[PDB]
């Protein structure tokens, strides 16, 4: 299985192609569905506000892109059940619209002639994969799978490390998170989420995220043990996740840091830093998550101990590297 279609050629959809080209994948993107013209999709692929010029040639015709000399069909079907995936034989759909985040909704792609769907987002109780945490759970009979959120890909490897080394008894997460297209440019209606209606680049905006709540899909032993939320802030990409835990063991900072470093050794998904980085330094990262030893904090009074651990993530490109790792493995089962 080598032929892919992308539904939603947005921030994530376009970076999916960029990354596949970058790693010289044997996956072949044959079709793209969105809501617009090839002309506009070509413009957006070529010029990127966060990552700069597309490294390959880009042209278009009235119904296709031509990327690095290869033709990619472009469709504009707002209902996935109408996407003509069989025309170019798209077998695996990378589902990056935000409108099909359940097994029932993504079933449309299979009805439309595809064989498998990989959803770029949480999608309820289905196989949900953070690469290098639970990718071994992908199965030859899986047809619809989720890679959860960027935040999940940031939290999970840190949570796995901690839990494996020390035990996590309970914990709460706050991500300080780059603004995304689900937010608003100027104050205006944005469905039922009132906070989402507020000007994103001019505000700190509290936001609900399921990353902690649904972590049991990725690390079953942590089911129900974590909660958390996001503060959306005015940076264009690059985010940071803080986790405050009660661990099963008394620890030093050096001990937590040492365990995290071991977990990141030879781990292409999970990086380590002890440099005093800031968010722009994570832009373009090829990890899902980069644990930051410099922010580790142990607060102890008598017998009680809280442990704060912190990890960076490029919620666009870093997350995409994870999605592609998952896609490559998925495509072979």
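Residue numbers count along the first chain shown, from 1.
Visitor: Comparing 123 to 131 with 236 to 244, which stretch shows the greater average C-alpha B-factor in the deposited entry?
Guide: Mean CA B-factor is higher for 123 to 131.
Visitor: When the C-alpha temperature factors are averaged for each of 207 to 215 and 178 to 186, which stretch ends up with the higher value in the entry?
Guide: That would be 207 to 215.
Visitor: Please work out which residue in 96, 230, 93, 263 has the highest C-alpha B-factor recorded for this crystal structure.
Guide: When the deposited C-alpha B-factors of 96, 230, 93, 263 are compared, 263 is largest.
Visitor: So if I compare the CA B-factors in the entry for 146, 153, 172, 137, which one is the largest?
Guide: Highest CA B-factor of the listed options: 137.
Visitor: Can you work out whether the C-alpha temperature factor of residue 20 puts it in the lowest, middle or highest third of the chain?
Guide: As the PDB entry reports it, the C-alpha B-factor of residue 20 lands in the middle third of its chain.
Visitor: Relative to the other modelled residues in the chain, which third contains the C-alpha temperature factor of residue 300: lowest, middle or highest?
Guide: Its C-alpha B-factor belongs to the highest third of this chain's values.
Visitor: Could you tell me which third, lowest, middle or highest, the C-alpha B-factor of residue 306 occupies within its chain?
Guide: According to the entry, residue 306 has a C-alpha B-factor in the chain's middle third.
Visitor: Taking the entry's C-alpha B-factors for this chain, is residue 6 in the lowest, middle or highest third?
Guide: For residue 6, the deposited C-alpha B-factor lands in the lowest third.
Visitor: Would you mind ranking residue 56 by its C-alpha B-factor against the rest of the chain and naming the third, lowest, middle or highest?
Guide: It belongs to the highest third of the chain when residues are ordered by C-alpha B-factor.
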